[PDB]
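Shown below, as structure tokens, is a lone chain in the form deposited in one PDB entry; questions about how it binds or moves come after it.
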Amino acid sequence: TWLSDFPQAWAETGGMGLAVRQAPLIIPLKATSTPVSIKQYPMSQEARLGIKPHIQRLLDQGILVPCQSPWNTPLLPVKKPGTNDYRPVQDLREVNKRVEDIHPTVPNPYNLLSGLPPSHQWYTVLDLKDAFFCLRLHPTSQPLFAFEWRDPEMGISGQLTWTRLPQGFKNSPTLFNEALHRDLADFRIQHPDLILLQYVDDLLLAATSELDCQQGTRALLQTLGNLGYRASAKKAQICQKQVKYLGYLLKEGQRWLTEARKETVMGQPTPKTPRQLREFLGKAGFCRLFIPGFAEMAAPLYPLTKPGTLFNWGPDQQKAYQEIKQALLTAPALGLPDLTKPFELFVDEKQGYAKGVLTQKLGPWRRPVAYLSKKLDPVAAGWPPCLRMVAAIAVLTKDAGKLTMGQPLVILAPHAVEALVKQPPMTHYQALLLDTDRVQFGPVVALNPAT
């Protein structure tokens, strides 16, 4: 029923939209920018046929118009993971080189989820289709982007510049966010109660009750419809408790882990080459935040990957492989951090590997927020056990800042090295750990090995 109510917001009905609000944007050029051109790199047969329908559709939409320009960079058919969509993305190496560099403002995924409070339990994930294509390009800067496309069936041979901002331009992901930002910025003024998360092209609306989400969704669709953006309706989780966002499951206000992801890590067999082990470690490392003591658990595997080492798979590496396989099977449910309440961090350090868990109060219990673990630097590796914990706190305390948003937490560790920092038996560590505004030490107490 949602499709009928907002014909001007869905991409299936509205189609190729237009950024009516923002004006055409001039792409500035570097001080030494001089025209450059290169013959289009011959494209593969199947890859050539993949882009051809899009060029026809882009020509109809007005995105691509025939032109003659001195700038001509080839087109790249980036096959989609699903089948081979071969999106028409320009190589744009030269243009990126010739064009200026501007300050970026894209939010890193490790923070967006930090802003979500557990109070808002109802979610609404909206994805803007053709997001980059919405912003118009001034005709003066249109000649900057061009490519040679000749099809005898079409009957037109030459350069086809882009009237919008295409994919690949190194500053495209920045301008869209900036431009889309102000648009949704006023929406928050109209609806302060709601909590809308603006990704690069994915909008997630969080509300308190079911009715609040419904009211916001209708208002959000109308605002985006007027603004010209069009959202795909095929994949749009609306008024559902279980939603998928930023690669993370969101249920009961907990940053769960998708079951499909867990299968991929365990599904791979035992690696036999450094490439195979890197693939595994890459999959594993995305889930470091759930596995307690990830640094020490996967310590053996690290030197096996070492660039100049031999892949003589060791029994310790096997034991290390099994630990990761079993650790991911029973990964806990990390809760969404609530910025209003204070944080709590447990710190432990055994055998030169720092481990800990970031937790927050949940009723009478503490709920884990993120598991922090790091390899201590070689200089601190040889320190005595009393001094090693001080370095472990500093390493983990730096990690907590990337998640707590600078808010203070309770540094809890078994030993009482908090007084040791004042009178060590290092000046940088003192400033980081003695800042009462950002860090403090609570009652000294041990912690469970699992935590």
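We call the rigid core the largest set of C-alpha positions that still match within 1.5 Å between the two forms. The first residue of the sequence shown is number 1, and the count goes up from there.
The entry shows a gap from residue 425 to residue 426, with 4 to 9 unmodelled residues of the deposited sequence in between.
Another form, the form deposited in another entry, is not on view; read the next lines as being about it.
The residue that stands out in 234, 79, 251, 138 is 79, the single one whose Cα moves by 2 angstroms or more between this form and the one not shown on a rigid core fit. Core-superposed comparison between this form and the one not shown: CA of residue 43 displaced by 2 Å or more. In the core-superposed comparison between this form and the one not shown, residue 417 has its Cα shifted by at least 2 Å.
In the core-superposed comparison between this form and the one not shown, the C-alpha atom of residue 362 has shifted by at least 2 angstroms.
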